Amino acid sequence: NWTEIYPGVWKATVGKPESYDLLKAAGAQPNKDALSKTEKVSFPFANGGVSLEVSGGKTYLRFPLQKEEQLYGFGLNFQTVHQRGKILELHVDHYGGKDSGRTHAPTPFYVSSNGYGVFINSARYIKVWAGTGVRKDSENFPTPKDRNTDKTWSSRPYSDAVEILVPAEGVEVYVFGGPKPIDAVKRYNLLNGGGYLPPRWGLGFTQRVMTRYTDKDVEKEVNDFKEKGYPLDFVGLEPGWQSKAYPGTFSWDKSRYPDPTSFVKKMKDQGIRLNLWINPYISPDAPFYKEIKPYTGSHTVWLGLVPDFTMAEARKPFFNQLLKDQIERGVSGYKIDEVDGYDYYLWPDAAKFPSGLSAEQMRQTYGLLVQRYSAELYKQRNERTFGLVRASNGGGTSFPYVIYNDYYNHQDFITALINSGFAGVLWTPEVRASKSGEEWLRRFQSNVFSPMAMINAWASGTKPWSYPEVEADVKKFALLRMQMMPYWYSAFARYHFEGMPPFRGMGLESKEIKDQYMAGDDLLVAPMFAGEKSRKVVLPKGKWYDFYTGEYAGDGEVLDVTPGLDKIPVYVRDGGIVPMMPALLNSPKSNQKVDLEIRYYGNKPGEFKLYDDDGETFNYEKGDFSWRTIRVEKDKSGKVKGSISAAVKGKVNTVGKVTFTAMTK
C-alpha cells in the first residue's frame, strides 16, 4: 500500500525491510515545511502495472513505462544521460571508465520525462533493468518475427518496464509526483533535508597544494595569490599535513607543521580557511589507535584499520581527534578521500564489521557516514563547513560536500555535472593539470560554472597562473567567480530551501544532451573542449541572450558558435538576472555591505530572489535570513528600470548600493 506521506510523495513498504538503509545511514531529516508547500498531485502510476514482490530471498520491483518515456538518474554517470534501455548494478566505486552503475554516488533514484521519480531506499547493491526485459505476459508483447526472412526483425524489441532487484527480504520504495521532472527531483531532495546551505566562503576559490608543502610553503602561496591579485578563500592541504598518511595519524606533522595553532590562526587572520585531506584508515601510530581497534573491520585499506562508524565506540575516538587537534584550532573542513574504491583498494564484500552490518551496506554508505558525523561537529559549533568527498549516495543531499575523482576526461566531467542534478549530490569538474594552456583555460572556465571553483595541485603543483599563454583569461574567470557570488549563493539557497539542484540537465524547466547544463535558473552553459574551435548549442524555446555582450542569440533553435579561447559559451534566458558584486579577492564577512550591479538580459520583465544572511552560521535556522525580490524591466524609452524590495527589520543586511544595467542594447 502507498501512503501519501507529503504532497507528491508516497511510500510503500514491501515485505520485511532491513533495519539499516540509506536514509537511516545519513540520518536524513525531511524538510516537512518545504514539502507541505508543494502542490498536491496525483499518483503517477494510475493505470496499474506496478508489482512489488518478495521471493527467493529478494525483492522484485516492476514499474511500468509508456512509449516515448525517457529516464534520467541512477546516480552519477559520466557518459550517458538518457537511461532508458540501460542495465546497471548500483555499487559505490571509483568511476571505472564505463557507466555500469559503479560510481561515486550510485543513487537509486530515477526520474521520468513524464514527470515522476522513484527512490529505492536500500543500502545494498541494486540491479536495474531500465526497460530491457521483455515479458511474455506483457500487455505490449511485440509480435515474434522470423529473422531468416523478415528484414524488420529487431534485436532490441519494445520493453515496457523498469525492473529492479534488491537482494533483501524487503524494501522501502518512495514515489515522487510531478507534474514536471524537476518537481520530482525537488521533492526527492527535500525528503533528504534539502541541499546544504553553503557558507559564502565555500563558493570562493580554493587551491589545494602539493602533498609535501610545509606551513611555510603554504604561507608563501597565499602571499603569491594576494600579490598577483588572484582570489582565494580556502587552501586545501593534502596528505603531508599528517605525521603519517596511508594509513593516517590524524595529527599534524611536527616537521612540516611545527606550530599548527599558530599556522591556522595566521591563515585565518589573512582571510584564508583550511581544508584537510583525510582518508579514514587508521595508522598504529594514531593517538586513538588502541581505543578504536576493536571497533574496526576485519580488513584494512592501505594497512589502516577501517572504523565501523555505525558504532558510537568508533565515532567517539575518531571524531574527537578531529575536533580537538584541528577543528578547534580553526580548520574549516575536510576532504574525505578514498571512501569509494576500487575493489582492490577498499575492503572486499567478504569483510566483517563488529556491528554486524554487512560489508556491502558499509561500502554503500561509508561516504554518507563520514559526511554525516564530520558535518555534525561543525553544526554543533554553529559554523557552516564545506568540503569534498569521493563517495556518497541516496540520503546524502543535505551534506556539505562536493564529489571529485581521479578520472579526467573533460567531456565526461561535464556529463557528470549534468547527472549530479538527477542524483541528489554535488559534483565538481576539478582542474589539476593540462598539456596545453588551451585545455587549462577550458577546464578552468567550466570549473567556475560549477559547485566548487578549484585547482587540485596535490601532485601537479599548478596555480591559476601556471600557463602564461592564458593567465590573463584565467584571472578574469577567477574574478568572475567572485563577482558572481550572489548569483551562486541565491542558487544554493534554492537548493537548500526548495531542493532545486543548482546544476542540471536541459529540458528541466528530444535527443540526448550531454554537453550543456543549466547553472542556476538563468544561465545555460555550453562548454568548449580543447582542440575545438566551434560547437553546436541547442537553445530551448524562448529568447536567449549572450552572457558577455547581452545580444540576442536565438530562440528554440541550434546555434553554431565560435566563441574564441577567452569565452565559455553561456546564454541567459529572456528577463534573466545576474547580480554581481565587486571582484573581491576574499568572500565578504557577515558585517560587511557589498554593492551589487544587477545585470538584466533581454526584454521580458525579470524577477530574481536574492538570498541574504550572515553566510557562515546556522542562525538562518532561527529565521535570520531574507529573500530580497529584485525586479527589472526596460521602460517605454528603452531605459532600464529596476527595484529591490526593502530590507527586513531585525534581519542581517549585506546589500549595499544597487545599480541596474540593461545588458541587451
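Residue indices: 1-based, along the sequence shown.
Unmodelled residues of the deposited sequence between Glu509 and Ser510: 10 or more. Mean CA temperature factor is higher for 146-154 when stretches 146-154 and 327-335 are set side by side in the entry. As the entry records it, the average C-alpha temperature factor is higher for 136-144, out of 136-144 and 522-530. Of the candidates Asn275, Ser262, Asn393, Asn409, it is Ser262 whose Cα B-factor is highest according to the PDB record. Of all the options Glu221, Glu439, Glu360, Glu89, the entry's greatest CA B-factor is assigned to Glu221. In the deposited entry, the Cα temperature factor of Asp555 sits in the middle third of values across the chain's modelled residues. In the PDB entry, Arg481 places in the lowest third of its chain by CA B-factor. Ranked against the other modelled residues of its chain, the C-alpha B-factor of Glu69 as given in the entry falls in the highest third. Per-chain ranking of the deposited C-alpha B factor places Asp613 in the lowest third. Ranked by Cα temperature factor within the chain, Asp340 sits in the lowest third according to the deposited record.
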